[PDB]
Structures are given as C-alpha cells and as structure tokens.
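Structural overview
Spelled out, the chains give:
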Amino acid sequence: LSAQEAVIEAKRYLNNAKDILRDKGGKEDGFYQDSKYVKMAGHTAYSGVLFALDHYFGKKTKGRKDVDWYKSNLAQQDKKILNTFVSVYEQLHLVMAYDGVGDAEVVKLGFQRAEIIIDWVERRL
Amino acid sequence: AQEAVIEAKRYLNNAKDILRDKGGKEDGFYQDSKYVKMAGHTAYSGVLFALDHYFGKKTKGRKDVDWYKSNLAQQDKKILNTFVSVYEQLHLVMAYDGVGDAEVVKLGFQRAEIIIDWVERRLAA
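Residues numbered from 1 in each chain as written, not as in the entry; some residues may be left out. Chains lettered and ligands numbered in written order. Heavy atoms only, no water.

Focus on unusual backbone geometry
So the rule is basically this: To qualify as a helix, a DSSP run of H or I must reach at least 4 residues; to qualify as a strand, a run of E must reach at least 2; elements of each kind are numbered from the N terminus.
In this model, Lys62 of chain A sits at a positive phi of 65°, which is unusual for a non-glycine residue. Secondary-structure assignment places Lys62 of chain A in the loop between α2 (35-56) and α3 (67-75). Unusually for a residue other than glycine, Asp27 of chain B sits at a positive phi of about 50°. Mapped onto the elements, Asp27 of chain B comes out in the loop between β1 (25-26) and β2 (29-30).

A look at the UniProt feature "domain: DUF5618" (unreviewed entry) in chain A
What counts is decided by this rule: UniProt positions are given in the numbering used here, feature names are shortened, and annotations may be inferred rather than shown by experiment.
Under the feature "domain: DUF5618" (unreviewed entry), the UniProt entry names residues 6-123 of chain A. Helix and strand shares over residues 6-123 of chain A are 75% and 3% respectively, and the end C-alpha atoms of the span are 13 Å apart.

Comments concerning the interface of chain A and chain B
Stated formally: Should any heavy atoms of two residues lie within 4.5 Å, those residues are counted as being in contact. Accessible-area loss on putting two parts together, using a 1.4 Å probe and summing over both, is the definition of buried area adopted here. Counted as salt bridges are all cases of a side-chain nitrogen of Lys or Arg within 4 Å of a carboxyl oxygen of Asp or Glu. In the analysis that follows, any N or O atom pair within 3.5 Å is treated as a polar contact, provided that within protein one partner can donate a hydrogen and the other can accept it, and provided that, for residues neighboring in sequence, both atoms belong to side chains. Residue type decides the class: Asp, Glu, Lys and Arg count as charged, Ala, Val, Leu, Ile, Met, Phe, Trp, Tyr, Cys and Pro as nonpolar, and the leftover types, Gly among them, as polar.
Between chain A and chain B, the contact holds 22 residues from the first and 21 residues from the second. Here chain A and chain B share an interface that buries about 1900 Å² over both sides, 51% of which is from carbon and sulfur atoms. Counting across the chain A and chain B interface gives 6 salt bridges. Across the chain A-chain B interface, the total number found is 12 residue pairs in polar contact. Secondary-structure elements contributing two or more residues to the side of chain A that touches chain B are α4 (79-96) and α5 (104-124) of chain A. Looking at the side of chain A that touches chain B element by element, the count peaks at 10 residues for α4 of chain A. Residue composition of the side of chain A that touches chain B, grouped by class: 7 nonpolar, 6 polar and 9 charged.

Quick notes on the nonpolar core
Where we set the bar: Only buried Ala, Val, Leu, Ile, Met, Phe, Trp, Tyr and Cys residues count toward a nonpolar core, and they belong to the same one when joined by side-chain atoms within 4.5 Å. When a residue's accessible area, from a 1.4 Å probe over protein chains only, is under 20% of the maximum for its type it is buried; when over 50% it is exposed; and in between it is partly exposed.
Of all hydrophobic cores here, the largest spans 76 residues; its most connected members are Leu53, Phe85 and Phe111 of chain A together with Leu51, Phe83 and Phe109 of chain B. Beyond its immediate sequence surroundings of up to four residues, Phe83 of chain B is in contact with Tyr44, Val47, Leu48, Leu51, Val65, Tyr68, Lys69, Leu72 and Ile115 of chain B.

A look at the UniProt feature "domain: DUF5618" (unreviewed entry) in chain B
Mapped onto this numbering, the UniProt entry annotates "domain: DUF5618" (unreviewed entry) at residues 4-121 of chain B. The distance from the first to the last C-alpha atom of residues 4-121 of chain B is 12 Å, and the span holds 77% helix and 5% strand.

Focus on the pattern of salt bridges
Side-chain pairs of opposite charge can arise where the charged atoms are in close proximity. Applying the stated criterion to the full structure yields 16 salt bridges over all chains. The salt bridge involving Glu105 of chain A is made with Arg111 of chain B; its shortest N-O contact spans 2.8 Å. Of this pair, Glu105 of chain A sits in helix α5 while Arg111 of chain B sits in helix α5 (residues 102-123), which puts the two residues in different chains. The class for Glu105 of chain A is partly exposed, based on a relative accessible area of 43%. The exposure class of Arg111 of chain B is buried, given its relative accessible area of 7%. The closest approach of N and O atoms between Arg20 of chain B and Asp21 of chain B, which form a salt bridge, is 2.8 Å. With a relative accessible area of 59%, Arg20 of chain B lands in the exposed category. For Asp21 of chain B, a relative accessible area of 47% gives the class partly exposed.

See below:
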C-alpha cells in the first residue's frame, strides 16, 4: 500500500461503520438500541483510525501496539490531533466497542473526530 | 424536600464552573485532567443526588450503577438510555479517565439536565 491507498482504506472502515449503524444499529429516540452493532461499528471505525495511523507513522519493534504507542507518536506532532485521538479512543474503542453504548449525537461527534484524524493523516501526506 | 432537584443543579453548575475556571480549555479540549475528573464526578454525583431522592434507599449494601439502571428500566427506556450515556460520559470518560472533549462534555451535561428534569417532573406528578 501507498500514501493515498492507505488513507482510502481508512475512510472505508469509517463508512462501513456508518453503514452498520444505519442498517443494523436500530436507532430509536436518539439511541442505537442493538448493542452488538454499536460494538461492531465502534470497533470497525476505531480500526480505520488505527489503519491510517499505522501507515502514517511506522512499524514498531518489540511487541503489541496499544493506545500508548499511538499517543506517543501523536504527542510529538500535533496536540490537537492527540486530544482528538484520545477522544476517539474513549468514544469508539471504549464507549461503543466495549460498552455497547450508542448515543447517536455523541457517536456522530466521535466519527467526526475519527474523520478529522484520517483527513489529518491525508493532509500531512 | 424536593429542592433535591435544586441541589442536583448546583452540582451540575459547579461542574461547569470548574471546567470554565480550571479545565484549561484549548482547541476544544480541556487540558487539565485533574479538573476534568473533578467536574465529571461532581456532575455525575448531581444526577445521582436527584435519583437518590426520587428512588430512595436500597435495603442492603451500597448503590452502584446497576441499582440506578434497574430502577430506571421499570420506568422508561428513553430515560434509561439517557442515564447510561450520562454514566458513560460523566462517570467513565470524564470522572475516571479525565478526558474532556468540550463538545462531547456539553452533550453529556445536556443528558444530565434531562435526567434531573425528569426527576423534578415525576416528583410533582
């Protein structure tokens, strides 16, 4: 993969996640009621963010890549984007992917934050 | 009495004041986690204060999140989901992890006022 193919794929995970919420999330009264699809959507969107960051940054020697690894790298580049990322981690990786909670307005914001990180990577590119 | 509702709102507004005065907001993120945590805990404790006054007492042990959820499930599902989102945003993301995405925090606080108004509005039934 290359600069822009990597960023395109990242954006496809995002749109796949939005598609999942739209089609299977069961939005009623501002909340996605079907928890398993909130988790799937959150995990997929988060993975899109990590795909973009995985390419934009580097490959790491010695062991698994956790939230800290991403935090270090962003913290050297752009504090706004780091903060945006920690917010995406909280909203997509923990609230959605782990807890299964889909407050639709909060989710929309969390995806806006993920798209900001993808579009950042693409701009820096 | 049911100035339980007023005291709940004092916690919420105190929480907003702490973020304004000590949260260190920058580029849309509160930079000082200490105060994000404090604000979150205070706002969340406000909501619990209104709830504790409406639902009263649990016969054995201490309350936790499951006690509030099962009490709210018997009452109304929109309000259940609203409270879960409060729990996610104010108790987990802010109070515990110290993450303050100001736009997201605002929604969390709107959800909290929704719950306090629901209490006020049931108690005057």
